[PDB]
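Have a look at the structure below before the remarks.
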Amino acid sequence: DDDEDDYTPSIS
Amino acid sequence: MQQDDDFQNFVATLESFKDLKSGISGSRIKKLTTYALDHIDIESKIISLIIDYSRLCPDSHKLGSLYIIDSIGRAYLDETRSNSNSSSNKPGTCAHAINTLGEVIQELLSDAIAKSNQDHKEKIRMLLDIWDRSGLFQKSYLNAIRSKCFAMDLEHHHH
């Protein structure tokens, strides 16, 4: 809801 | 640093996830993830909160539990892989932390696949590839992680 909702990690 | 009242901030951050409908909170996730990196000495209570949150919490919070576990989990192996923290006491390092998850990650994932929706299943799935890139040993990718039982318990189509 609040904040960086649905955060996403990533790597090549 | 240890069994101090510092834990309260880590608890209230976790509780702040429980308060959300999506259960995800990227900056807050990074807050307790960064304090966990600054101090592996409390990995014991930290690992206890992710497994307990991920098991009890709702389906969206299970997705968010795996975001936390991905952030703190990989960063623990990476940091210790980059530092002398890979050669210290068992508890209070990635050693006991990845060891603890290595025996129960099957509970968190299998339940999360069965509880979470197809889009959430995919977020976890990219997290598994991200964990295979990091090399985390918690690769308990048994058929329970496929959760094909709860998939047959529900409607589906692809033809």
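Labels for the structure tokens follow display order: chains A, B, ..., residues from 1 in each chain, ligands from 1.
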
>> List the spatial neighbours of residue 62 (chain B) as a ChimeraX atom specification - criterion: any atom at most 10 Å away, only C-alpha atoms, same-chain residues fewer than 6 positions off excluded.
In response: /B:18,22-24,50-51,53-56,68,108-109,111-113,115-116,120,124

>> I want to know what sits within 6 Å of residue 5 (chain A), based on only C-alpha atoms, with residues of the same chain fewer than 2 positions away left out; could you give that as a list in words?
In response: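 The residues that qualify are residues 3 and 7 of chain A; 24, 25 and 26 of chain B.
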
Taking only C-alpha atoms into account, what are the residues of chain B at most 9 Å from chain A, put as an mmCIF file with N, CA and C atoms, in the first residue's frame?
data_model
loop_
_atom_site.group_PDB
_atom_site.id
_atom_site.type_symbol
_atom_site.label_atom_id
_atom_site.label_comp_id
_atom_site.auth_asym_id
_atom_site.auth_seq_id
_atom_site.Cartn_x
_atom_site.Cartn_y
_atom_site.Cartn_z
ATOM 1 N N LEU B 20 0.010 -3.736 5.870
ATOM 2 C CA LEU B 20 -0.275 -3.455 4.466
ATOM 3 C C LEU B 20 -1.196 -4.521 3.874
ATOM 4 N N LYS B 21 -1.875 -4.209 2.762
ATOM 5 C CA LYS B 21 -2.709 -5.191 2.080
ATOM 6 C C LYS B 21 -1.845 -6.026 1.143
ATOM 7 N N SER B 22 -0.826 -5.399 0.540
ATOM 8 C CA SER B 22 0.107 -6.082 -0.347
ATOM 9 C C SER B 22 1.191 -6.799 0.449
ATOM 10 N N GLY B 23 1.414 -6.354 1.687
ATOM 11 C CA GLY B 23 2.399 -6.932 2.589
ATOM 12 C C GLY B 23 3.838 -6.621 2.176
ATOM 13 N N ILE B 24 4.032 -6.037 0.991
ATOM 14 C CA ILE B 24 5.343 -5.624 0.510
ATOM 15 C C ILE B 24 5.604 -4.164 0.868
ATOM 16 N N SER B 25 6.873 -3.808 1.107
ATOM 17 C CA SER B 25 7.247 -2.449 1.479
ATOM 18 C C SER B 25 8.741 -2.252 1.253
ATOM 19 N N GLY B 26 9.133 -1.948 0.012
ATOM 20 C CA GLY B 26 10.526 -1.950 -0.400
ATOM 21 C C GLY B 26 11.467 -1.159 0.502
ATOM 22 N N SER B 27 11.115 0.059 0.931
ATOM 23 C CA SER B 27 12.047 0.824 1.745
ATOM 24 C C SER B 27 12.163 0.218 3.135
ATOM 25 N N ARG B 28 11.038 -0.194 3.728
ATOM 26 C CA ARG B 28 11.033 -0.798 5.052
ATOM 27 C C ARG B 28 11.743 -2.148 5.018
ATOM 28 N N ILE B 29 11.521 -2.920 3.949
ATOM 29 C CA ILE B 29 12.219 -4.173 3.744
ATOM 30 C C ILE B 29 13.718 -3.895 3.771
ATOM 31 N N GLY B 64 5.502 -10.806 0.179
ATOM 32 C CA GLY B 64 6.373 -9.818 0.789
ATOM 33 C C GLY B 64 7.397 -10.463 1.715
ATOM 34 N N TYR B 67 10.193 -11.428 -0.476
ATOM 35 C CA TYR B 67 10.993 -10.267 -0.849
ATOM 36 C C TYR B 67 12.000 -9.937 0.242
ATOM 37 N N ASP B 70 14.567 -12.682 0.261
ATOM 38 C CA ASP B 70 15.444 -12.540 -0.886
ATOM 39 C C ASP B 70 16.494 -11.466 -0.627
ATOM 40 N N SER B 71 16.076 -10.357 -0.018
ATOM 41 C CA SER B 71 16.955 -9.224 0.208
ATOM 42 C C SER B 71 17.980 -9.552 1.292
ATOM 43 N N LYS B 123 6.266 -13.893 -9.147
ATOM 44 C CA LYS B 123 7.219 -13.057 -8.427
ATOM 45 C C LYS B 123 8.166 -13.947 -7.633
ATOM 46 N N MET B 126 10.743 -15.611 -10.196
ATOM 47 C CA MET B 126 11.906 -14.820 -10.559
ATOM 48 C C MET B 126 12.846 -14.747 -9.359
ATOM 49 N N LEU B 127 12.308 -14.750 -8.134
ATOM 50 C CA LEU B 127 13.143 -14.794 -6.943
ATOM 51 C C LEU B 127 13.944 -16.098 -6.892
ATOM 52 N N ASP B 129 15.115 -17.812 -9.519
ATOM 53 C CA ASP B 129 16.214 -17.637 -10.460
ATOM 54 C C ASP B 129 17.257 -16.699 -9.870
ATOM 55 N N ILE B 130 16.813 -15.647 -9.176
ATOM 56 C CA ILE B 130 17.699 -14.695 -8.527
ATOM 57 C C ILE B 130 18.494 -15.391 -7.422
ATOM 58 N N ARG B 133 21.196 -17.446 -9.063
ATOM 59 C CA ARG B 133 22.255 -16.542 -9.478
ATOM 60 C C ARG B 133 23.156 -16.202 -8.296
ATOM 61 N N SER B 134 22.567 -16.031 -7.106
ATOM 62 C CA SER B 134 23.324 -15.733 -5.899
ATOM 63 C C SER B 134 24.035 -16.976 -5.366
#

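The protein and nucleic acid residues lying at most 10 Å from residue 2 (chain B) are residues 4, 5, 6, 7, 39, 40, 41, 42, 43, 44, 45 and 92 of chain B, with only C-alpha atoms considered and sequence neighbours fewer than 2 positions away removed.
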
> Got a sec to tell me which of region 12-154 of chain B DSSP assigns to alpha helix (DSSP H), as an MDAnalysis selection string?
Replying inline: chainID B and resid 12:18 26:38 43:56 59:82 94:115 118:134 143:146 148:152

With C-alpha atoms kept, could you save the residues just selected as an mmCIF file, in the first residue's frame?
data_model
loop_
_atom_site.group_PDB
_atom_site.id
_atom_site.type_symbol
_atom_site.label_atom_id
_atom_site.label_comp_id
_atom_site.auth_asym_id
_atom_site.auth_seq_id
_atom_site.Cartn_x
_atom_site.Cartn_y
_atom_site.Cartn_z
ATOM 1 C CA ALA B 12 7.732 -2.910 14.283
ATOM 2 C CA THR B 13 9.087 -2.951 10.708
ATOM 3 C CA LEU B 14 7.845 -6.528 10.224
ATOM 4 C CA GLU B 15 4.521 -5.547 11.808
ATOM 5 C CA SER B 16 4.420 -2.598 9.401
ATOM 6 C CA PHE B 17 4.366 -5.169 6.587
ATOM 7 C CA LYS B 18 1.493 -7.047 8.274
ATOM 8 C CA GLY B 26 10.526 -1.950 -0.400
ATOM 9 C CA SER B 27 12.047 0.824 1.745
ATOM 10 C CA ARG B 28 11.033 -0.798 5.052
ATOM 11 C CA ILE B 29 12.219 -4.173 3.744
ATOM 12 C CA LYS B 30 15.573 -2.465 3.049
ATOM 13 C CA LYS B 31 15.551 -0.918 6.569
ATOM 14 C CA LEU B 32 15.586 -4.178 8.530
ATOM 15 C CA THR B 33 17.654 -5.795 5.746
ATOM 16 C CA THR B 34 20.346 -3.130 6.155
ATOM 17 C CA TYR B 35 20.396 -3.388 9.957
ATOM 18 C CA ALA B 36 20.660 -7.167 9.560
ATOM 19 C CA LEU B 37 23.655 -6.620 7.241
ATOM 20 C CA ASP B 38 25.232 -4.137 9.659
ATOM 21 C CA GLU B 43 20.531 -13.291 12.415
ATOM 22 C CA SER B 44 19.001 -15.787 14.864
ATOM 23 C CA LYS B 45 16.024 -13.546 15.768
ATOM 24 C CA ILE B 46 15.863 -12.230 12.187
ATOM 25 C CA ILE B 47 15.545 -15.677 10.611
ATOM 26 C CA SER B 48 12.948 -16.513 13.268
ATOM 27 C CA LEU B 49 10.811 -13.542 12.171
ATOM 28 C CA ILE B 50 10.885 -14.275 8.422
ATOM 29 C CA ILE B 51 9.884 -17.930 8.829
ATOM 30 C CA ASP B 52 7.186 -17.021 11.373
ATOM 31 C CA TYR B 53 5.899 -14.083 9.297
ATOM 32 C CA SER B 54 5.983 -16.061 6.038
ATOM 33 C CA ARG B 55 4.143 -19.032 7.576
ATOM 34 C CA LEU B 56 1.395 -17.182 9.499
ATOM 35 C CA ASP B 59 -0.972 -14.664 0.777
ATOM 36 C CA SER B 60 0.174 -11.151 -0.206
ATOM 37 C CA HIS B 61 2.301 -10.976 2.957
ATOM 38 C CA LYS B 62 3.807 -14.341 1.946
ATOM 39 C CA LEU B 63 4.912 -12.656 -1.305
ATOM 40 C CA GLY B 64 6.373 -9.818 0.789
ATOM 41 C CA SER B 65 8.006 -12.318 3.160
ATOM 42 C CA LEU B 66 9.888 -13.776 0.191
ATOM 43 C CA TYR B 67 10.993 -10.267 -0.849
ATOM 44 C CA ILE B 68 12.479 -9.781 2.604
ATOM 45 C CA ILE B 69 14.050 -13.265 2.587
ATOM 46 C CA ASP B 70 15.444 -12.540 -0.886
ATOM 47 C CA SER B 71 16.955 -9.224 0.208
ATOM 48 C CA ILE B 72 18.375 -10.317 3.575
ATOM 49 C CA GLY B 73 19.043 -13.870 2.370
ATOM 50 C CA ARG B 74 21.186 -13.076 -0.662
ATOM 51 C CA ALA B 75 22.828 -10.092 1.003
ATOM 52 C CA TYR B 76 23.849 -12.359 3.907
ATOM 53 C CA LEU B 77 25.543 -14.915 1.680
ATOM 54 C CA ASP B 78 27.010 -12.140 -0.516
ATOM 55 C CA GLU B 79 28.312 -10.092 2.444
ATOM 56 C CA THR B 80 29.831 -13.118 4.175
ATOM 57 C CA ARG B 81 31.172 -14.256 0.774
ATOM 58 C CA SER B 82 32.848 -10.819 0.586
ATOM 59 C CA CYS B 94 25.159 -16.587 7.096
ATOM 60 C CA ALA B 95 26.330 -20.039 8.190
ATOM 61 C CA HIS B 96 23.521 -20.627 10.696
ATOM 62 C CA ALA B 97 21.153 -18.318 8.813
ATOM 63 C CA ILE B 98 21.259 -20.196 5.494
ATOM 64 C CA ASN B 99 21.374 -23.434 7.506
ATOM 65 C CA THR B 100 18.128 -22.602 9.333
ATOM 66 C CA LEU B 101 16.304 -21.677 6.137
ATOM 67 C CA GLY B 102 17.765 -24.736 4.380
ATOM 68 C CA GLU B 103 15.478 -26.960 6.506
ATOM 69 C CA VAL B 104 12.252 -24.914 6.412
ATOM 70 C CA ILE B 105 12.354 -22.969 3.103
ATOM 71 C CA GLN B 106 10.148 -25.824 1.836
ATOM 72 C CA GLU B 107 7.411 -24.656 4.242
ATOM 73 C CA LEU B 108 7.593 -20.995 3.221
ATOM 74 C CA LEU B 109 7.685 -21.563 -0.540
ATOM 75 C CA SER B 110 5.269 -24.514 -0.809
ATOM 76 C CA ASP B 111 2.676 -22.706 1.311
ATOM 77 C CA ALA B 112 3.287 -19.439 -0.537
ATOM 78 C CA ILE B 113 2.700 -21.100 -3.922
ATOM 79 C CA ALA B 114 -0.510 -22.694 -2.634
ATOM 80 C CA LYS B 115 -1.668 -19.467 -0.918
ATOM 81 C CA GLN B 118 -0.509 -16.854 -10.287
ATOM 82 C CA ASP B 119 1.077 -13.391 -10.509
ATOM 83 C CA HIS B 120 2.485 -13.853 -7.003
ATOM 84 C CA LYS B 121 3.699 -17.348 -7.986
ATOM 85 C CA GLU B 122 5.645 -15.629 -10.778
ATOM 86 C CA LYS B 123 7.219 -13.057 -8.427
ATOM 87 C CA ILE B 124 8.461 -15.949 -6.294
ATOM 88 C CA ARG B 125 9.646 -17.671 -9.449
ATOM 89 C CA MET B 126 11.906 -14.820 -10.559
ATOM 90 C CA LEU B 127 13.143 -14.794 -6.943
ATOM 91 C CA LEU B 128 14.161 -18.468 -7.356
ATOM 92 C CA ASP B 129 16.214 -17.637 -10.460
ATOM 93 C CA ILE B 130 17.699 -14.695 -8.527
ATOM 94 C CA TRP B 131 18.602 -17.151 -5.746
ATOM 95 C CA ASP B 132 20.218 -19.533 -8.263
ATOM 96 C CA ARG B 133 22.255 -16.542 -9.478
ATOM 97 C CA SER B 134 23.324 -15.733 -5.899
ATOM 98 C CA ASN B 143 7.909 -31.254 -5.698
ATOM 99 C CA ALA B 144 6.321 -29.520 -2.686
ATOM 100 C CA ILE B 145 7.592 -26.265 -4.222
ATOM 101 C CA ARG B 146 5.722 -27.153 -7.432
ATOM 102 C CA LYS B 148 0.810 -29.194 -8.089
ATOM 103 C CA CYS B 149 -1.685 -30.555 -5.517
ATOM 104 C CA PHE B 150 -3.220 -27.146 -4.788
ATOM 105 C CA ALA B 151 -3.083 -26.495 -8.545
ATOM 106 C CA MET B 152 -5.383 -29.495 -9.133
#

> Could you work out how far CA of residue 142 (chain B) lies from CA of residue 57 (chain B), giving the answer in Å with one decimal?
Replying inline: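 One can read the CA of residue 57 (chain B) to CA of residue 142 (chain B) distance as 22.6 Å.
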